[PDB]
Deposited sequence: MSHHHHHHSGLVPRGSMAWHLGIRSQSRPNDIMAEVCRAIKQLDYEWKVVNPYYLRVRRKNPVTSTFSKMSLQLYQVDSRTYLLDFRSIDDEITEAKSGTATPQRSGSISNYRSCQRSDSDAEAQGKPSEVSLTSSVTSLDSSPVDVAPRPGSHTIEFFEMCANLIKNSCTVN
């Protein structure tokens, strides 16, 4: 595991990016709020555990041609019970990428 990349990168139209993530968010039944045209706070109910999870998406420019989608988990406030805040964040991000977005 050598090279770690922050978020994902795209050369799509920024507006096309934001509009599409919003479309994936609503299809997945998440709630969300638009803070900026490039910054979203999303919140999901766990269909299994009934717990809530929050994250932030922020769009950045790297090239004059290229943009980067950033994902940030937002913090809340013997056998294991169901649920993990960390894994569920990854799954959120994963669901969102799959549903808004295609590989080049």
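No C-alpha positions are given in the record for the deposited-sequence stretches 1-15, 93-146.
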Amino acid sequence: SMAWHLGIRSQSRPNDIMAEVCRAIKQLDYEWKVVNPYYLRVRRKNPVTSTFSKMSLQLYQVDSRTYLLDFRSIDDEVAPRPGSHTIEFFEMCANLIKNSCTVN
From here on, numbers count along this sequence of modelled residues.
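For the two regions 56-64 and 31-39, the entry's Cα B-factors average higher over 56-64.
Look at the mean CA B-factor for 5-13 and for 86-94 in the entry; the higher one is 5-13. Compared with the other modelled residues of the chain, the Cα B-factor recorded for residue 70 ranks in the lowest third.
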